[PDB]
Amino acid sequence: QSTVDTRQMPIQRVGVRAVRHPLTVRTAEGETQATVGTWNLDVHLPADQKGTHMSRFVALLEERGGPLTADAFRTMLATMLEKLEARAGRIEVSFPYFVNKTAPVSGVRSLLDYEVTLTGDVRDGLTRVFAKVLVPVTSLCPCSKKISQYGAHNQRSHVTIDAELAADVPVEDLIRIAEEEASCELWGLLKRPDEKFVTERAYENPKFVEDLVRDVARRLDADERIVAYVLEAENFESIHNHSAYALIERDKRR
C-alpha cells in the first residue's frame, strides 16, 4: 500500500479506460433517451500510495441508477472519490445522442446522431464540468462558387464544441449554434423538395472553415453559461483526400 522511494511520486490519473456501459440521459424536453457509453474513470494517487482499487470504478458504474442528469453526474464524481478513498478524480463518458428533426420543406421527421462527451474533474478542491458535442453539418466553398461558371464544391463537416460550463447548458443549445452557423445542417430523411432546399441554402451560404469557427465562436462568447471552450471545425474536402481544419480556444476567465 506504500511506495518505495524510487516510486515515491504522485500519479495525476490512475483508473479504468474504455469501459462500455448502458446509460439513460434526459432531453431538453425532459424525456429520457437510452444510449450506450464508453466510460473513463480515474483518480489522483498520492506519492505514498502504491496503487488505487480498479474494481471499485466498475462497481460504481454497476451501482449507479436513474437518468444521468447534470446533478447525478456531480454526485457520481463525489461518490467515486469516497468509494476510491481519493481527493481528486476525473469521470468521462461518450455516447451517441439522437435528436428528432423536421425536414425544412416537407416537415418529415428523422433522427440525427451526435457524439456527446461529458467530463467531470475534481482537482484542487475545484469541481469542473465539461460538455463536448460533435455536430455533423454541410460546408460549401466560397472560392469554388466565385471562380466557377457553375457548381460549388461542398463537403460534410464536423464542428466540435468542447465547453467548460459555469451553469447547466442543454447539448441541444450547443448543437443549435453549429447547425445555424453551418452552410447547411444535416437531416437523416429528405424528400425531393427538401434536397432542393438544402442544395440551394448551402450554395447561398458558403463558408470557409475560418468563417464557420469564427461565427460559432462569437455565439459561444455571448453565452455566459460557458466559461471556456475549445472549438474545432473540420471540412472533409470533396476535391481532396485530406481535410481543412480550424481551431479556436477561449478562456473567458483569462
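One-based numbering along the sequence shown.
Per-stretch averaging of Cα B factors for 18 to 26 and 239 to 247 places 18 to 26 on top. Taking only CA atoms, the mean B-factor in the PDB entry is higher for 5 to 13 than for the other of 5 to 13 and 226 to 234. Reading the B-factor column for the CA atoms of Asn40, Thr199, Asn205, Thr69 in the entry, the top value corresponds to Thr69. Going by the entry's values, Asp168 shows the largest Cα B-factor out of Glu179, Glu115, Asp162, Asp168. Sort the chain's modelled residues by C-alpha temperature factor and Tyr150 lands in the lowest third, per the entry. Sorting the modelled residues of the chain by their CA temperature factor places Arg74 in the highest third.
For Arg87, the recorded CA B-factor ranks within the middle third of the chain. Only modelled residues enter the ranking. Compared with the other modelled residues of the chain, the Cα B-factor recorded for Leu111 ranks in the middle third. Placement of the Cα temperature factor of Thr127 within the chain: highest third of the modelled residues, per the deposited record.
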